[PDB]
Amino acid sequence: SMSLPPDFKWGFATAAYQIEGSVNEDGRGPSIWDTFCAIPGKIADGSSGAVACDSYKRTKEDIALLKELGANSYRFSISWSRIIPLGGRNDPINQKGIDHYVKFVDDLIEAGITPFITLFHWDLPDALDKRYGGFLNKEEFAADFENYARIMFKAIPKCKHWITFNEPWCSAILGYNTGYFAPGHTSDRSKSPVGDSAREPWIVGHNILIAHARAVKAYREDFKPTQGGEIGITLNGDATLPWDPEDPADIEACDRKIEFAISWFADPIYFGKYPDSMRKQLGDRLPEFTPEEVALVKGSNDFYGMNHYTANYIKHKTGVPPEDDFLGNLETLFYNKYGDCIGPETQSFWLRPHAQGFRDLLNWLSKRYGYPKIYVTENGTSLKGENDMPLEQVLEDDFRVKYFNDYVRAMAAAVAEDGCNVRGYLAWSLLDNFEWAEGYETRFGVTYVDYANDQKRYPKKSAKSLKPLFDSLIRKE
């Protein structure tokens, strides 16, 4: 049973650092990612966001493409350091940067496309990291984030869909536990002169919730009454299946894994507390909200922004878990007790298709959080060996066509058959782009970008497939 409501928003998502290029043009300051790509060995292919898809100088083209593929919606991010090159509330503002994005949103609207704007998609202005360690200073980061947020709300009142943060799990665990993503912190001194993998990620997690919540209060109080619209956070998280279906403890751990990865952020936002399972394992390394903070964070999503990619078999561990643990004392696996698989490999080691899991987690999230309105702000796939393929093979991306087919249909059952209130779907990504620590080798685009020929765009077969797919599912009235 599969049918979406008539106002259903769909289209594509990107992020600024990953597509824009023009890293130094029009007054942009460096971000923590510009610094990180400079350190040898951090980016698999020694590359950086320099140039990327040159999208900063190609708005006209990228908009014509969206319209050509039939998208009615488009999610993208604002580079903070184009608006305030040093980032802070007392630093000079870069009006060129504001103007760029205001014009882009007008062009988008002129083309019939609904903008979804992400305020923070990992490109923290470097200066704030150097000054007070960024997310690590709660009151400093919250003030600077709130300042930045308000400038944007004032300048783009036409946007009615705002996301504060993209995937804080990534910023916290990958930034401050493993050091895989900027600013590269971890306890491992062969990788970073600074960091405490056991304590920093939870502090970062905490303070981002605070900054998020300030930004939302600010939106709801000084902008919504006159400009309308909505604001929420975007959480990622993959689905879970028990590694041994007969084992009650694996079955428990399927819930626990989700709690550590998602509810970490979502419980504070719906319930004003962290999940009990996290409190138990982590103790005093998990900060505590003040009453003033509980009231700030709790109720701070107008909608549930959701990113989703894959699933894993979950196998409980016994004992006391290491200080460094963030999973919740369990393993993730792609193969279960009886040799069943999640799915075939992609170009990303962590990513395997499992549409059923998308549906399971939509249900899980809807039950736990009272059937909130959900926007799926990222879903899509890489495809193994895609960077090595001949153009004509790349464009026949049947594997990706199939990912979208199965994942979108599984979502539509989630709505029509299970009653989850999904109101939009944004495919990651419009363009092949800079995939962070893995560089340009990993391609997520529905559009091939020929980096060696002046970033030329070639819609793959996946890109054209979405319109008819959604034509088959969106009700007319």
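In case it trips you up, residue 1 is the first one in the sequence shown, and so on.
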Per the entry, higher mean C-alpha B factor between 244-252 and 304-312:
244-252
Could you settle it for me: does 219-227 or 363-371 have the higher average Cα B factor in the PDB entry?
219-227
Could you tell me which one of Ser22, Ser465, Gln455, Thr14 shows the highest CA temperature factor in the PDB record?
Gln455
Highest CA B factor of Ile109, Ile269, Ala261, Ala182, as deposited, is found at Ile109
Among modelled residues of the same chain, the CA temperature factor third for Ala44
highest
Ordered by C-alpha B-factor within the chain, which third holds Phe289? Give me lowest, middle or highest, please.
highest
Ranked against its chain, the third holding the CA B-factor of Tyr338
highest
Chain third (lowest, middle, highest) by recorded CA B-factor, residue given as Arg28:
middle
By its CA B factor, does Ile83 count among the lowest, middle or highest third of the modelled residues in the chain?
middle
